[PDB]
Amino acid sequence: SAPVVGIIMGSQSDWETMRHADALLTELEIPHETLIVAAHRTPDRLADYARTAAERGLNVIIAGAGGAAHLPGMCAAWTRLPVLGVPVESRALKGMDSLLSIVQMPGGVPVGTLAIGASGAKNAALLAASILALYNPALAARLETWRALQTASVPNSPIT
């Protein structure tokens, strides 16, 4: 019932990307919350969200942002929980600004960063699942089944 993963993003425009994280957590039956938290437009909301996350029972935060993408890193500054960052693709620089803004954190405050775009959102959810599976045997079984099906679904040759 109570959420164990928080998915956060700075804008509705980020949802086109972050929806892939939401869908995968739901597929794996991982209770979660999905919210908008804007690092620059709602910085006090961010501080409160991140600093209370652990006491609220969250175990992992998945944060997506694009451009000068500060949401994952500032989240990580305020929580001891693992924070996973999804670089959202930007218009001009194709997410390279997003990527460098998120992955290049200073020693002492980590953000586990995934690929630019939808792939990264899906993989943030899978990485969160991998973390939770360490201490949830039922989920561990669901995740192993999921990975096995992924492997079995790969064809032997292309449709030419």
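Residue indices: 1-based, along the sequence shown.
Novice: If you average the CA temperature factors as listed in the entry, which stretch comes out higher, 30 to 38 or 92 to 100?
Specialist: Comparing 92 to 100 with 30 to 38, the higher average CA B-factor belongs to 30 to 38.
Novice: Higher average CA B factor in the deposited record is what I'm after, so tell me if that's 21 to 29 or 137 to 145.
Specialist: According to the entry, 137 to 145 carries the higher average C-alpha B-factor.
Novice: Going by the CA temperature factor in the entry, name the top one among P43, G117, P106, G66.
Specialist: Answer, based on the entry's C-alpha B-factors: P106.
Novice: Within this chain, which third does the Cα B-factor at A129 fall in: lowest, middle or highest?
Specialist: Within its chain, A129 is a middle-third residue by C-alpha B-factor, going by the deposited values.
Novice: Looking at the C-alpha B-factor of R56, is it in the lowest, middle or highest third of its chain?
Specialist: Tercile = highest for this residue's CA B-factor.
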